[PDB]
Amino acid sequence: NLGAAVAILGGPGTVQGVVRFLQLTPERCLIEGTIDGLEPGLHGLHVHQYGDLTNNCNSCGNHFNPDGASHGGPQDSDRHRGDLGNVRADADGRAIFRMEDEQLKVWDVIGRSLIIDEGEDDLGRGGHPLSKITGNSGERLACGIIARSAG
């Protein structure tokens, strides 16, 4: 690997979890973990600018966006670098997930935050005033700082 990181998440309600990052190759970052306490269904998952938790998830800034792109889904060419699309919580409120990203690098996101949202990310497709800005996924439920790890 070329770097490992871990985000330990929590928030003002029931939502908590642990998500790990591993830069498998220079091209591919593995992001995998488990978040629970969720309502069943799709929840937006994004990396945000900052990891400042002094105002809980409010001091984390916006989706990480170094290239000045619009909001999109993880497969889209026009996406914020922090845009990881949705994860699904099952009927027990548990989201166990695994994705690889080609844009996000561990070395870029160290000390930033990983945040899960109240609702579904529309992936910029929703035709809503927020679609190309946030994905219209409602409140931030839980956040964790992306911290360096031995792995």
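For every residue, the number given is its place in the sequence shown, counted from 1.
Chemist: Using only C-alpha atoms and the B-factors in the entry, which stretch averages higher, 53 to 61 or 101 to 109?
Modeler: The deposited B-factors put 101 to 109 ahead on the C-alpha mean.
Chemist: Per the record, averaged over C-alpha atoms, which has the higher B-factor: 141 to 149 or 3 to 11?
Modeler: Higher mean C-alpha B-factor in the PDB entry: 3 to 11.
Chemist: Given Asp122, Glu39, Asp83, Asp117, identify the residue with the highest C-alpha B factor in the PDB entry.
Modeler: Result of the comparison over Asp122, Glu39, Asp83, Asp117: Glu39.
Chemist: Using the temperature factors of the C-alpha atoms in this entry, rank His46 within its chain: lowest, middle or highest third.
Modeler: Its C-alpha B-factor belongs to the lowest third of this chain's values.
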